[PDB]
Amino acid sequence: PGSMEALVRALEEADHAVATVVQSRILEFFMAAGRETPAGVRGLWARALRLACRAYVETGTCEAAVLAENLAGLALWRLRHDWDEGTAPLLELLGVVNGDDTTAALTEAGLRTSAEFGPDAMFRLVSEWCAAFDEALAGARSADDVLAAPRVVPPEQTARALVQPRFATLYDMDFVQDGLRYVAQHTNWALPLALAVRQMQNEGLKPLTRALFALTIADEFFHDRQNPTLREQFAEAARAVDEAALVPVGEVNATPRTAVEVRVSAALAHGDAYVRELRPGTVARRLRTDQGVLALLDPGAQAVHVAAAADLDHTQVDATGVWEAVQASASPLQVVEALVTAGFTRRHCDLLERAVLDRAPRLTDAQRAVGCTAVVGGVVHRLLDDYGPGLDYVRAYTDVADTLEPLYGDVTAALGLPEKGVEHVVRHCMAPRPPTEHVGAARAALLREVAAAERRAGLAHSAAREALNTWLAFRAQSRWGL
Ligand SMILES: [Ca+2]
Ligand SMILES: [Ca+2]
Ligand SMILES: [Cl-]
Ligand SMILES: [Cl-]
Ligand SMILES: [Cl-]
Ligand code: NA
Ligand code: NA
Ligand code: NA
Ligand code: NA
Ligand code: NA
Ligand code: NA
Ligand code: NA
Ligand code: NA
Ligand code: NA
Ligand code: NA
Ligand code: NA
Ligand code: NA
Ligand code: NI
């Protein structure tokens, strides 16, 4: 049902004394849209290659030459590979493509094995690419792993080897773009966790700050799964909390009021990060949310006490520095480090956005800084899991970008931003940066092989050239907007 299937069939309808039928069929494959799977290509490869090689032998046409010599690349181009199964199935298909019969058939037909989209080339580059893929995924696997070794990795660094220029001819191929999606989905999530761990373990931070960070980690990354080292680290910090930060029992509204306060109070009352509720009759003090609590927090991370930061009638946290650092950020690492370090975790952004926007249009400048940071932050957090150098992130970004106007168009003025101000900040640090110049390089490579076949055939223009150009142009526009 795919491209190769239709081709094998079509070529298996004989008609070789009429080079013109053979050409139409091949030209159709050149422009086909049918996706294929590794097992599918693997089952059809030898027959497909043999039929293409035989097509050139009997018609001597330029289309047949190009097909046979570049079949490996053309077959891989529309490949649908299930990345949950890793590289093995791809390597297994490459083993078939690269087998002795492929060389024997091309040689006997008097054609090359060495085209830029040929079997030798595809075996070498895709093998290398798969090795890079495997290396990219050999980083932290679990939240448990990251907590133990909280390495901070720039999101851009992870898929770096996979989109380097030597792999330019593979870039627009479906399995590559699918693989980029897979790598991003399995690596990016760890950055905010690693960043929060660094704050929890930061000996220059106050005990209360460190305790609250531990709770954000338990809530965002562990839920109900107990990690003993997280457990110990929260307990140590909880035990050292300045008692001045807590509201005295017996004062009005002293009981935890919001879900946040109950969750925090329960963990503090038990010295246990995984306790999130208070059974009735159990006394537990809540953290103060008055302006005086700010002196009990770290100046750069007050928002980590999100209940205080959200209590806008009583307390104004200082978000000017974090908002400044967020604005100045020109990469995912920079902006996410600015957010998380200041206590603007995913959940806190969600809460502070709600709290500030519920007061619009009449916001103070200090409230604007909190709201701006929380609005941009929520958008950054949403995009981060998808972040990468390929088509999937372009699509994920566009989806997010389309929601900004209906969400924020009416509060941007109140937030003190110009028209499109949210998108203008988000684009500065999170805009997709795919190396789409690879698409052009890939086309250049294919046309060099077309031009080689044109010369062997003794022409200066071929239908092959026009079909392939039409195909590549459709892909370039329809996928990348080029
Ligand atoms: Ca699967
Ligand atoms: Ca997302
Ligand atoms: Cl919290
Ligand atoms: Cl998407
Ligand atoms: Cl603009
Ligand atoms: Na998959
Ligand atoms: Na498979
Ligand atoms: Na197998
Ligand atoms: Na080969
Ligand atoms: Na022979
Ligand atoms: Na690091
Ligand atoms: Na300390
Ligand atoms: Na009291
Ligand atoms: Na901090
Ligand atoms: Na105040
Ligand atoms: Na995310
Ligand atoms: Na997605
Ligand atoms: Ni997964």
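Side chains included, hydrogens not; waters and symmetry mates left out as well; all remaining heavy atoms used. Numbering of ligands and ligand atoms starts at 1, following listing order. If you read the sequence from its start, that first residue is 1, and numbering goes on from there.
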Inset, instruction - Could you grab the protein N, O or S atoms closer than 3.0 Å to the Na ion (ligand 14) for me? - result: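 Listed by chain and number, the atoms are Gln199 NE2.
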Legend entry - Flag for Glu353-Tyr408: side-chain donor and acceptor within less than 3.5 Å: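 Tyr408 vs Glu353: donor-acceptor pair found between side chains.
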Legend entry - N, O or S of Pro248 under 3.0 Å from the Na ion (ligand 13):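 No, since none of the N, O or S atoms of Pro248 sits under 3.0 Å from the Na ion (ligand 13).
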Legend entry - Carboxylate-amine/guanidinium contact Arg354 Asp350, below 4.0 Å: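 Salt bridge flag = yes for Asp350 with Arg354.
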Inset, instruction - Tell me, with the steps shown, if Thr229 and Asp144 meet side-chain contact (heavy atoms from CB on, under 4.5 Å). - result: CA-CA 9 Å; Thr229 134; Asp144 290 341; over 6 Å; no
Inset, instruction - Kindly compute the distance separating CD (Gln157) from OG (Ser331), expressed to the nearest 0.5 Å. - result: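 Between atom CD of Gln157 and atom OG of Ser331 there are 12.0 Å.
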Inset, instruction - Give the name of the N/O/S atom in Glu251 that lies closest to the Na ion (ligand 13). - result: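 Sorting the N, O and S atoms of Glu251 by distance to the Na ion (ligand 13) puts OE1 first.
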Legend entry - Residue pairs, two or more places apart or on separate chains, that pass ring-ring contact (aromatic ring centres under 6.0 Å, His included) and touch residues 362-387: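 Pairs touching residues 362-387 that pass the test: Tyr387-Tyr393.
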Inset, instruction - Anything under 30° is parallel, anything over 60° is perpendicular, the rest tilted; go ahead and classify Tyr182 against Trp83. - result: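 Because their plane-to-plane angle lies in the 30° to 60° range, the rings of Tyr182 and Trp83 count as tilted.
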Inset, instruction - State whether the number of non-hydrogen atoms from other residues, nucleotides or ligands found under 6.0 Å of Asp402 atom CG is greater than 12. - result: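 Above 12, so yes.
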